[PDB]
Amino acid sequence: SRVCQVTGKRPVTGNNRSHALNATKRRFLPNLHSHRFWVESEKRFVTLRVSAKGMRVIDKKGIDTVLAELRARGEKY
Amino acid sequence: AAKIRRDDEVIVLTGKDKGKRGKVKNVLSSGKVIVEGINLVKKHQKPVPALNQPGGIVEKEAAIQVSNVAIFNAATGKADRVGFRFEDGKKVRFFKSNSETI
Amino acid sequence: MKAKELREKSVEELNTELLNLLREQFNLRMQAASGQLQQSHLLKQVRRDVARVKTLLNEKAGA
Amino acid sequence: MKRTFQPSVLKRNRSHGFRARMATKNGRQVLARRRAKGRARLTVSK
Amino acid sequence: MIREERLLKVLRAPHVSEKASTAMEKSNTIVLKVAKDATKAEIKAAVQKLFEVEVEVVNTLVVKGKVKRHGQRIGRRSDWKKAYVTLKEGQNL
Amino acid sequence: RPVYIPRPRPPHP
RNA sequence: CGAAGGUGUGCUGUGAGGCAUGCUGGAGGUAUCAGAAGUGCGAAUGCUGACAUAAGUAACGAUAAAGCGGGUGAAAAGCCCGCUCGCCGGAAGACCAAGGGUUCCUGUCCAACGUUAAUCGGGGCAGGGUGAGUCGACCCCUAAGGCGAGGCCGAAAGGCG
RNA sequence: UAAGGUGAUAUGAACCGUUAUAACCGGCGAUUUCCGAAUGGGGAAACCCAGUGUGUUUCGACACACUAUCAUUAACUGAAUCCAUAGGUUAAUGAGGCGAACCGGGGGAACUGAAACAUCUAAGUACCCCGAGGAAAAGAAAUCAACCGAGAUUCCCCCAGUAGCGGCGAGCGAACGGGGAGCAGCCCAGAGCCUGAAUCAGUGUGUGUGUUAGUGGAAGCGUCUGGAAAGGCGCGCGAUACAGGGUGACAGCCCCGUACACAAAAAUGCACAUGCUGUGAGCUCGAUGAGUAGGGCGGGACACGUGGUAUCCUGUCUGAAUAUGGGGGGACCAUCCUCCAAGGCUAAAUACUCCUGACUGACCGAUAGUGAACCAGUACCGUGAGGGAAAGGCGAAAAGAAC
């Protein structure tokens, strides 16, 4: 699914309002992308479907720390 | 805990022939008893070609409600109730009104 | 006819079950079908006896 | 005049049979509803 | 091993009828009722042991119970299996 | 009641 | 030594009603004064059941067709037997598959069912009847297609493979 | 417990038992075919076809056990490249499915109302999906208040159809504060001293109580009517028992019961005392939750529809201070007051009844009451989802009509 593997962002439904305030159901999608991150601890590349915000989160923290949290979450990466 | 048993001499309180004495032969699970010469029914027995050919009219015994018969004291010359008491570890029946054991 | 056979060893229990199944269970059944059996109450009595023996075997063997 | 119903045991079982209902969740709900109603025949049984 | 007791339960009862009688007197074969499963091998072994006779071949068929209309109600009889057992030249029963 | 054995019995033409 | 209900009769009030009683009925009913309503039916092409009308009328389901003798029986145009007549004969014959599910055969019965009668029947009741190494299914193999470990995708369900 | 019994329609045949292993009732055990999550593979459900390992009458052939998937853990193996990893096999643990409502979350209508209709309403309703429990959720202030003060959450009655929101239309609709039910506060982000130090969870023992079988249980007779009295008449007795049901018409005293007093070999829930196991008391110091708060853009939730709009949540792009710091007090600024977000746990009052027991009813009495008082969700109708009836009454007793 369109779920970020780091921040957990998932599509959220909402409305779009016209000038006449007409409301139609829409859906907001996270800015997901497939990226390969190099991990020195295991010395290989890991592919994660992460959002742009998640990629910023990975940069701010360590890739090792994020992987540990993912492992604790219980979902394989 | 049945007050009227297999082998008891009883009297009829209410019915076609009240006051008539007799002895019970069997008791039904529906609270009914059968006695001799109390409730006679002239059943029209059909003939059957089987081994038995009764034919005619048979004077059978009709069951009567257990509540309509009371065990007879046989000493005071009247009907009497029944109570239960434990003696030497066994439950036994006894009369009332100068109660004695059966 | 319940505690008489409680103290017997397993060998006799299997033996008595076999003759209960062999005789008075198969023979009675053939007699009843052919109409030569007049005491039909034996059939149920024999069947219950077989059940009794099997109950003992289970509580003897294994557990 | 050919009529709408042309019986066929194989088609009937493979279409409305018990295993056909259990394949999908909607069929499972169909069985669940009919159990609740107490129907004697859960499905078309051969 | 429950073969002995199994053989004591496959046989249910003999079958009596005009077809049964003519088959016995002519083809030296006995027709009898058996259990619902009653594989041909089990029937053959049971007849050899219980009746102490020699057998040649066994043919089995399944009879479907009839639908009966009892009182205000509809009912069905139970299916049963009958077997034709062909004895050899030496017959006992 | 319900019969469940419509097995095929094709007699040789 | 007779409640409710039912069915008549006689009195009574400007009215909806009330009172007494004959017969059936067979064990419940309820004064007065207050209280609460699923409280009053002639209509809604109202709903359910019962019963009328048309009416003893139309019709009795291919215009291939019947006649007679004997038998059984309470009863015979229809059942059984016999002798004629007529009809189908690339079928209105003999076989299956699919689909029905005992309608198959024997004994017995005629209430209902049969568009009439019925002794007759695919009707009722009872009994009997389906026998495989070679037939078929089962089984080995696969087409369209279905499902689908992992996998890919999808808010969930789930989709595809 | 027991002198009766072998369930019912439903009689019969053949039998068991009567002083104790007949039958019946309760606890604990045994057996428990096949289908169904179905789980060895498959399949048109109740069927077909297997592999491996354990023991056996003619080799023949038999009996039992195991063999699904997924997640976690451990062991052994193990590529593309040395190492390694992926992958594979084995063993253990847990899950799978079903179930009436109530609870939380993820999605989410239209009819209708506005006397049209698009904002709005209907409505976060119906419905679909996911997860857990006996309740769930929420819950110990970055909260209110007003510069006087209260101190977690939840539920009920007020405040109040009030203040506000609103094509300022139809409609929606608080809070502060007050009165009640019930009350309980803690832990981690870390070292030292002292180390069972209270409170908890799991397994033994003992007391009390309750559930699962039960036991005793008072006291009326005579005449009249009558098919039969429990009725009328006359005279008695019981009542810590005239609550009910049955019995040939209306029974406190005929029967079953009722108030009352007792009962448990065995299994069990609850409240205590006493053992074991595991985390864990108390004091000093320090620390005290960052892609977060906030902001731009687009939406949603708060009564509050972007309006002068605070507060919360979020898709997207940015982004601090960290206690001499930060948040809130309804645009916003200054001064004051109050609190300390970005980590968690927590019974009580609250919601519902598929099911079990007792009791009640100015509720129905067979076209009513559940669709179903009669083996009804049946017959029957439909390919299917699904729809869905009609049908109660002899008599006190079959004494159910011999001939």
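What's counted below: heavy atoms across the whole structure, side chains too, no hydrogens, waters or symmetry copies. In what follows, every chain begins at residue 1, and chains take the letters A, B, ... in the order their sequences are listed.
Among the atoms of the strands shown, none is found under 4.0 Å from any heavy atom of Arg35(D). Among the protein residues, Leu10(D) comes within range of the nucleic acid bases, having at least one heavy atom under 4.0 Å from a base atom. Nucleic acid contact for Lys43(A): none, since no nucleic acid atom lies under 4.0 Å from a heavy atom of the residue. Within 4.0 Å of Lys82(E), counting heavy atoms only, lie sugar-phosphate atoms of the nucleic acid but no base atom. The residue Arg6(E) sits apart from the nucleic acid: no heavy atom pair falls under 4.0 Å. At the heavy-atom level, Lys40(E) lies under 4.0 Å from the strands shown only through sugar-phosphate atoms. Within the 4.0 angstrom heavy-atom criterion, only backbone atoms of the sugar-phosphate kind lie near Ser8(D); the bases stay farther away. Looking at heavy-atom distances under 4.0 Å, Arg49(A) makes contact with sugar-phosphate atoms alone, never a base. Among the atoms of the strands shown, only primed sugar atoms or phosphate atoms (P, OP1, OP2) are found under 4.0 Å from some heavy atom of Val67(E). Residue contacts for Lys49(E): at a heavy-atom cut-off of 4.0 Å it reaches no nucleic acid atom on any strand shown. Across all strands shown, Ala3(C) has no heavy atoms under 4.0 Å from either base or sugar-phosphate atoms. Within the nucleic acid shown, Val66(B) has no heavy atom closer than 4.0 Å to any nucleic acid atom. Residue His15(E) is in sugar-phosphate contact alone, with no base atom involved, counting any heavy-atom pair closer than 4.0 Å across all strands shown.
Under 3.5 Å, the side chain of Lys64(E) and the base of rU130(G) form no donor-acceptor pair of N or O atoms. For a distance-only test at 3.5 Å, the side chain of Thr13(A) fails to qualify as a donor-acceptor partner of the base of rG107(H). Side-chain to base pairing of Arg6(B) with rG17(H): no donor and acceptor N or O lie closer than 3.5 Å to each other. On a pure distance criterion of 3.5 Å, a polar donor-acceptor pair joins the side chain of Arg7(F) and the base of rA137(G). Not a single donor-acceptor contact under 3.5 angstrom links the side-chain atoms of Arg2(A) to the base of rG154(G). Side-chain atoms of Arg76(E) and base atoms of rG101(G) include no donor and acceptor less than 3.5 Å apart.
A straight line from NE2 of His41(C) to P of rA13(H) spans 15 Å, rounded to a whole angstrom. Atom CG in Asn22(A) sits roughly 14 Å away from atom P in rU121(H) (whole-Å rounding). Atom pair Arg47(C):CZ and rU31(H):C1' shows a separation of 15 Å (rounding to whole Å applied).
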Could you go over nucleotides 214-225 of chain H and give all protein N or O partners under 3.5 Å, atom names and distances?
unit_1   : atom_1 : unit_2   : atom_2 : d
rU215(H) : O3'    : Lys91(B) : NZ     : 2.8
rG216(H) : OP1    : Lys91(B) : NZ     : 2.8
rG216(H) : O3'    : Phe84(B) : O      : 3.1
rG217(H) : OP1    : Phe84(B) : N      : 3.1
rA219(H) : OP2    : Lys96(B) : NZ     : 3.3
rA219(H) : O5'    : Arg81(B) : NH2    : 3.0
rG220(H) : OP2    : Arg81(B) : NH2    : 2.4

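Comparing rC25(H) with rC48(H), their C1' atoms are spaced 47 Å from each other, to the whole Å. The same atom, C1', is picked in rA290(H) and in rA189(H); the two are 15 Å apart, to the nearest Å. When the P atom is compared between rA109(H) and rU121(H), the two are found 13 Å apart, to the nearest whole Å. Taking atom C1' in both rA68(H) and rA86(H), one finds a spacing of 25 Å when rounded to whole Å. The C1' atoms of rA401(H) and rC394(H) are separated by 14 Å, rounded to the nearest whole Å.
The pair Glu4(E)-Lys49(E) meets the salt-bridge criterion, since a charged nitrogen lies less than 4.0 angstrom from a carboxylate oxygen. Ion pairing between a basic and an acidic side chain is recognised when a charged N comes within 4.0 Å of a carboxylate O; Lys9(E) and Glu5(E) show no such pairing. Between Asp8(B) and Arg5(B), none of the side-chain N atoms (NZ, or NE/NH1/NH2) sits under 4.0 Å from a carboxylate O, so this pair counts as no salt bridge. Between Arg6(E) and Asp37(E), at least one side-chain nitrogen of the basic residue sits less than 4.0 Å from a carboxylate oxygen of the acidic one, meeting the salt-bridge criterion. Salt bridge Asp7(B)/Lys23(B): present, at least one basic N to carboxylate O contact under 4.0 Å. Salt bridge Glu87(B)/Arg85(B): present, at least one basic N to carboxylate O contact under 4.0 Å.
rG40(H) is paired with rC49(H) under the Watson-Crick or G-U wobble criterion, all donor-acceptor distances under 3.5 Å.
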Practice item. Any chance you could list the contact pattern along nucleotides 90-97 of chain G? Use B for base contacts, S for sugar-phosphate-only contacts and - for none, protein heavy atoms under 4.0 Å, 5' to 3'. Key: -----SSS

Point to revise | Contact pattern, 5' to 3', of nucleotides 390-403 of chain H - B, S or - by protein heavy atom under 4.0 Å | key: -------S-SSSBS

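Its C1'-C2'-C3'-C4' torsion being positive, the sugar of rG319(H) is assigned to the north family. Pucker check on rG296(H): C1'-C2'-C3'-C4' positive, sugar north. Pucker check on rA38(H): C1'-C2'-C3'-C4' negative, sugar south. Judged by the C1'-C2'-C3'-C4' torsion, which is negative here, the sugar of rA249(H) sits on the south, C2'-endo side. The furanose ring of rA175(H) falls on the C3'-endo (north) side of the pseudorotation cycle, as its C1'-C2'-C3'-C4' torsion is above zero.
The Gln65(B) side chain lies nearest to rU247(H) when the options are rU247(H), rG291(H), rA45(H). Set against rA385(H), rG5(H), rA132(G), the side chain of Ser29(B) has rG5(H) as its closest nucleotide. Closest to the side chain of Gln29(D), out of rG124(H), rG127(G), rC128(H), is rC128(H).
Between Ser40(C) and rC15(H), a side-chain N or O to OP1/OP2 separation shorter than 4.0 Å is absent. Phosphate contact (OP1/OP2 of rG387(H), side-chain N/O of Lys37(D), threshold under 4.0 Å): present.
With the cut-off at 3.5 Å for both distances, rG252(H) forms a Watson-Crick or G-U wobble pair with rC237(H). Remark: the bases of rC221(H) and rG234(H) meet in a Watson-Crick or G-U wobble pair, both edge contacts within less than 3.5 Å. Under the 3.5 Å cutoff applied to both distances, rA358(H) and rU33(H) fail to qualify as a Watson-Crick or G-U wobble pair. Pairing check for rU106(G) against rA126(G): the two satisfy the Watson-Crick or G-U wobble geometry, each of the two atom distances being under 3.5 Å. Nucleotides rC253(H) and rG236(H) meet the pairing criterion: a Watson-Crick or G-U wobble pair with both donor-acceptor distances under 3.5 Å. Nucleotides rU54(H) and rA273(H) are not base-paired: the Watson-Crick or wobble atom pairs do not both lie closer than 3.5 Å. Under a 3.5 Å limit on both donor-acceptor distances, the bases of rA321(H) and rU32(H) fail the Watson-Crick or G-U wobble criterion. A Watson-Crick or G-U wobble pair links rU311(H) to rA301(H), both relevant atom distances lying under 3.5 Å.
At least one donor-acceptor pair under 3.5 Å links the side chain of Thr55(C) to the backbone N or O of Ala51(C).
For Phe28(A) and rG315(H), the ring-to-base geometry does not satisfy the stacking test (centroid distance below 5.5 Å, interplanar angle below 30°).
Between the side chains of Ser51(A) and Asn31(A), no donor-acceptor pair of N or O atoms lies under 3.5 Å.
To the nearest 0.5 angstrom, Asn26(B) atom CG is 12.0 Å from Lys32(B) atom NZ.
Neighbouring bases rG166(H) and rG167(H) form no stack, their six-membered rings failing the under 5.5 angstrom centre or under 30 degree plane limit.
The shortest side-chain heavy-atom distance between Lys82(E) and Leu61(E) falls under the 4.5 Å cut-off.
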